[PDB]
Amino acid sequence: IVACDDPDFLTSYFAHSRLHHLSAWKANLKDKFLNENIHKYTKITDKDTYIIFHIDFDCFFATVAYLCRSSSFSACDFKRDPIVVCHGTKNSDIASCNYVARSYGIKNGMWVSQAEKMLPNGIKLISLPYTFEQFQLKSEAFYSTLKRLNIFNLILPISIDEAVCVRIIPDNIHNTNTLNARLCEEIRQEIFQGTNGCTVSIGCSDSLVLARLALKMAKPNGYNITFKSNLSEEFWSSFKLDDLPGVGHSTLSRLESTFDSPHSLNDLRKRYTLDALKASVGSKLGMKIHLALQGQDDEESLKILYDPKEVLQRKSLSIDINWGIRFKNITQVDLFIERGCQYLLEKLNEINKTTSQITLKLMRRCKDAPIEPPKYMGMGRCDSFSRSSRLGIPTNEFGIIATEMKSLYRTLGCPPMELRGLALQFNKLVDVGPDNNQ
């Protein structure tokens, strides 16, 4: 039990937080891409022709947590039991669940107590603990396999368990689906072997957006090849609106309110007009969804193909702690800001950078919300407040940054006992080169 006023809190929270791990793993994968390719341009151009293989472990955490589960939990079958990965017993997030559990309607992000109610009396919910180190070792095997194949002009990391692999098809060369299905089946089999029993699915197409939908269609433990030329009403009628990239819960609600609750991408595409779409969800997102409904990528999503090094370059750096924040006085808040600043500066120094703009953001208990929320140590219902500050010259100096961060906190007027969450952000970073003279 490490409390937020304990010097070890940040270490212990990050050690347990799957969302921290996902974000740290992604950041390390992007920096490794930059280093591996530091002397390899490997350029893709608008005139070039390519195929995308979008590869993703099926229920990654649940599959690995099961394969490596301790003897305390020997009594469960992956193919017949509803398995979830989570920390606790009641208001604890399901990090991952297996397709059996999903068959009952259970979803990642659900609380355990909610997913228990969805099980007909008789079947038992099996909760496995996280196995963070093994998640990363299986991932290592995965990215190693992908590299060893020497069949992709570009291997873009998406997350610990997900990558977008680009193969250039030269104008002279003739591609067949015979070749694609075999590349698909090789990848799936090598990864199954290299990871001791983990399965991936694969979407294969000639746009990023379609490969993504093809991969959704292929799950679980399969692969799907759907090119622009293969599009059909049958295909579109198989997807929900929030299967589209960029359509999260708020965009879904606006789409359902605007276009009379479509229930498939076929409904949406038979009903929309571009302008009504941009009116409902925004101009750029509107155009993106419009092009997506043709199977086509937008300008922003193509940039990762044309200049992946610019895209994967880190432009800001931050920490967010919105769980376990219970402080009594301004002294302990200041100490915590200081610990956060030191952590962020250690990271900033590891990447040889300075920052010229910082932000403090906080979560303050809603005036009518309970002091202790439903979730143990949760932030509960909160109001967000944020303030930023431009520095004089770029810096990595703790005295400048931590003092300004503590000043920013004071300007937001949040009593320490009402504090439920803090983010510390370095919004602009500057390169440190060999010449640091004035």
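Sequential numbering from 1, following the sequence displayed. In this text, rigid core is short for the largest set of C-alphas that superpose within 1.5 Å between two forms.
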Greater root mean square CA deviation, 108 to 116 compared with 67 to 75 in 9 other deposited structures of this protein, core aligned: 67 to 75
Between 298 to 306 and 163 to 171, larger RMS Cα displacement in 9 other deposited structures of this protein after core fit: 163 to 171
Higher-B stretch (mean Cα B-factor, as the entry records it), 322 to 330 or 109 to 117: 109 to 117
Stretch exceeding the other in mean C-alpha B-factor - 337 to 345, 243 to 251: 243 to 251
Member of 175, 226, 356, 266 with the greatest C-alpha B factor (per the PDB record): 175
Of the residues 210, 123, 137, 187, the one carrying the largest Cα B-factor as recorded: 123
Residue 382, C-alpha B-factor rank within chain (lowest, middle or highest third): middle
Residue 410, C-alpha B-factor rank within chain (lowest, middle or highest third): middle
Residue 27, C-alpha B-factor rank within chain (lowest, middle or highest third): lowest
Ranked C-alpha temperature factor of residue 159 among modelled chain residues, by third: lowest
Residue 375 - Cα temperature factor, lowest/middle/highest third of chain: lowest
